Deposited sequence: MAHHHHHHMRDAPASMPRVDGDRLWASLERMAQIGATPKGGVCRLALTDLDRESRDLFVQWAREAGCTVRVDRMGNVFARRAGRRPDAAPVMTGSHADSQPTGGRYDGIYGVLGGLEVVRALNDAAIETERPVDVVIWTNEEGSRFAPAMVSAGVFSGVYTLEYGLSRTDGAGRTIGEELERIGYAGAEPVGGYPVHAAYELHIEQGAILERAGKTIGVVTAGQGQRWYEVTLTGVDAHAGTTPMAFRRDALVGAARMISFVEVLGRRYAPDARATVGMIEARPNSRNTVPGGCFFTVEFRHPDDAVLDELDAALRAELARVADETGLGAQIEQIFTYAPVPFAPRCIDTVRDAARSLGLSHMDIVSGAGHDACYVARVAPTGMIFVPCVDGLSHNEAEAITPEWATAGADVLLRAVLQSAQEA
């Protein structure tokens, strides 16, 4: 099997990172800005230079197609997003886009004919910063959202995605999704420390995380600290402290894949010489298994009831967000087998963040490939070896799928 040109890949990442470069060495390329256009334009140029046919759909998704023996066969698709967070890094999303480009180049150098066409994609507005929601364009593609909804999303100035697509010249003619896709692979940095600390180069992504978000309000009695003895108190902050501790306990209880976090708290009146009579805090559970999330939910509620009973606090809880994550076994195995045949260190991993691939999974057999990083930060970084390794895994996986009858 062929090999990617690591130096060529690295050079393209270096070149692309100039567009929207921040002084801290990060990237600010918000969706459908002029800088987004400049980045898109450069990809298009490079793709066409690689002999690809580049098309654009009505959500401005860019597809660079490399020829296959069967021009009407469902393609193998790979890619990611080019747009960033306001204080994004040089590799969030774009590494997957340029990794896909290097795959095409590598197939060209090896003079390989595939049975199926290969599409390298840029998804519009993945990060969901200028327009909400995130992953909206892959969402339209995958039937999560309608085209009407996708195009009507507005920024702070009241400009819609549809209006901006026309402004920067990416109001494409192609339908958004609706055609069969044989398989899809997204190469992405981990945006975490699991691979790096485990000393593993390749993350075989098995699933996304399910999520449960809660808001909890504890009600006690505002009291002067000096004049109120401990036995008379209804301290809502102490009640919350008990819950915060128990949330951490729950996270460790369902290790390694559970995420359990209290990230926001507000005490009232929040004055140092008064017993807090109220406290609001959030809870979020993440785990790839809905059954485990149900356990976490039941434990949280049962404990909240015990705390209220013991403390005499009033308690209210409300689940405010619920999300169920599944990648295809075939793609997962293909990714693992590719890593193995390349002699690359690897491990199964769960994605702790959303990606376009999470939605593409709904319409085509989909997998993801993670590489380590030293995210959502201007200092996030990968090594040339990591960049090459992820791209070599991508090449192998895409090639295998593309030769499938």
Quiz prompt | Missing stretches, numbered from 1 on the deposited chain sequence and kept in order | solution = 1 to 15, 341, 391 to 393
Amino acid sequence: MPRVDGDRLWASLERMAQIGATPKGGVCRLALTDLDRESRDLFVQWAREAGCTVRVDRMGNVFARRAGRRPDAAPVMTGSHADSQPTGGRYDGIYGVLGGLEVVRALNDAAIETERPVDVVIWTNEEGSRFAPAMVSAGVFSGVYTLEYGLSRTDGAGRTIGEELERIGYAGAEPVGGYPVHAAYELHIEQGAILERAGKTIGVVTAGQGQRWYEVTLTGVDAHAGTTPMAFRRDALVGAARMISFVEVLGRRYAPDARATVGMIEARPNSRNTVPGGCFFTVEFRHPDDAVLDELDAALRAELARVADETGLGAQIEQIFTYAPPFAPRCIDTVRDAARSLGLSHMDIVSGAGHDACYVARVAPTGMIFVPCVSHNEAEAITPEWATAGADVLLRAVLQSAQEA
From here on, numbers count along this sequence of modelled residues.
Exercise. Would you determine, from the values in the PDB entry, which of 326 to 334 and 93 to 101 has the greater average C-alpha temperature factor?
Key: 326 to 334
Quiz item: 178 to 186 versus 195 to 203: which one carries the higher mean Cα B factor per the record?
Solution: 195 to 203
Quiz item: Which has the highest CA B-factor per the PDB entry: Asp235, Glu215, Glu113, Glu127?
Solution: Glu113
Quiz item: Which has the highest CA B-factor per the PDB entry: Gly172, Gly139, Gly278, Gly208?
Solution: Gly208
Exercise. Among all modelled residues of this chain, ranked by Cα B factor, put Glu38 in the bottom, middle or top third, i.e. lowest, middle or highest.
Key: middle
Quiz item: Mind checking which third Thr366 falls in for C-alpha B-factor across the chain?
Solution: middle
Quiz item: In terms of the chain's CA B-factor thirds, is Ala291 lowest, middle or highest?
Solution: highest
Quiz item: Taking the C-alpha B-factors as the PDB entry records them, is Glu380 in the lowest, middle or highest third of its chain?
Solution: highest
Quiz item: Taking the entry's C-alpha B-factors for this chain, is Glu49 in the lowest, middle or highest third?
Solution: middle
